[PDB]
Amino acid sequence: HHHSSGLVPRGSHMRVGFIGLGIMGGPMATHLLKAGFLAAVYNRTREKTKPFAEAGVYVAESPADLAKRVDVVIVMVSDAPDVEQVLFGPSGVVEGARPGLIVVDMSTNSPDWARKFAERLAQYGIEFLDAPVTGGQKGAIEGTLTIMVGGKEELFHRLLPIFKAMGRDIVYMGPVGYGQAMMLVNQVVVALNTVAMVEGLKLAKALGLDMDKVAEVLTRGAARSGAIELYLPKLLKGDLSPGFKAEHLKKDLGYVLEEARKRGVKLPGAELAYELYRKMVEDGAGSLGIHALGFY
């Protein structure tokens, strides 16, 4: 069936549907709405679609109902199995998309998963990019995300206006899976920079140092990091909320270690970080921010 007009003209070929209105997806979709690209949203939990319905965005009943109404589907759900459900489940994107739709997975998973999604979607004549992001919840809210993209270079270029609504530095990394590969590199660094912060704070509190001065010194050379700038003021206030959930970093480190074993590289720091965050999930703190490691 054909459908009535929505917020974004059909002739633009740039109607976006957004799936996953979480800590990152809510602000990212709001940015696409401010820029005039957002036509529709889907969220598993309906209440989070409310603020978008109040601004006239269509709230779909399923990923398939969303895909039939848009040119570009952006997915920002938790993990690879979640992406599988929203693309390939009974009422997934592939059950409503027309050939020529583009799926952009902006969640974090792995190069292998990106290539699998692309291969499966190409059976339906659906295009795919992996475009994971860094900059945290603050970057999402401010629209300043760094977005790292794998797929057809032509499609990177066609979607650049959509990526610039959500982010600032938009980097084309290479073929499918190269955005996830860059993200796995990024998440090695983020995890170990976060363990750096939490161990420095544990030592500073054991030494009885003035936290005002500890924050002053650390917020500078070359101890200073993104993880300190984004999270040390929440940590010092005892605000353990995400931020970035510990269960999601555990997931990212699992993919890092799988890729390192495939390639014959030993990453003992990433292995330790995985163990630490695995324990944090087993202890029941998987939904706290990664900065609560050591303090939960």
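All residue numbers are counted from 1 along the displayed sequence.
Trainee: Mean CA B-factor: is it higher for 21 to 29 or for 5 to 13?
Mentor: The entry gives the higher C-alpha B-factor average to 5 to 13.
Trainee: Decide which of the stretches 222 to 230 and 133 to 141 has the higher mean C-alpha B-factor, going by the entry.
Mentor: In the deposited entry, the stretch with the higher C-alpha B-factor mean is 222 to 230.
Trainee: Could you check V83, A181, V198, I147 and tell me which one carries the biggest Cα B-factor in the deposited entry?
Mentor: Comparing C-alpha B-factors across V83, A181, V198, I147, the top value belongs to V198.
Trainee: Which one of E216, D105, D71, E127 shows the biggest C-alpha B-factor in the PDB entry?
Mentor: Highest C-alpha B-factor among the listed options: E216.
Trainee: Would you please rank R168 by its C-alpha temperature factor against the other modelled residues of its chain and give the third it falls in: lowest, middle or highest?
Mentor: Ranked within chain, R168 CA B lands in the highest tercile.
Trainee: Lowest, middle or highest third of the chain for the C-alpha temperature factor of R115?
Mentor: For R115, the deposited C-alpha B-factor lands in the lowest third.
Trainee: Could you look up the Cα B-factor of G177 in the entry and say which third of the chain it sits in: lowest, middle or highest?
Mentor: According to the entry, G177 has a C-alpha B-factor in the chain's lowest third.
Trainee: Looking at the temperature factor on the CA atom of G92, which third of the chain's modelled residues does it land in?
Mentor: For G92, whose C-alpha B-factor we compare with every modelled residue in the chain, the answer is the lowest third.
Trainee: Taking only the Cα B-factors deposited for this chain, tell me whether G264 sits in the lowest, middle or highest third.
Mentor: Ranked within chain, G264 CA B lands in the highest tercile.
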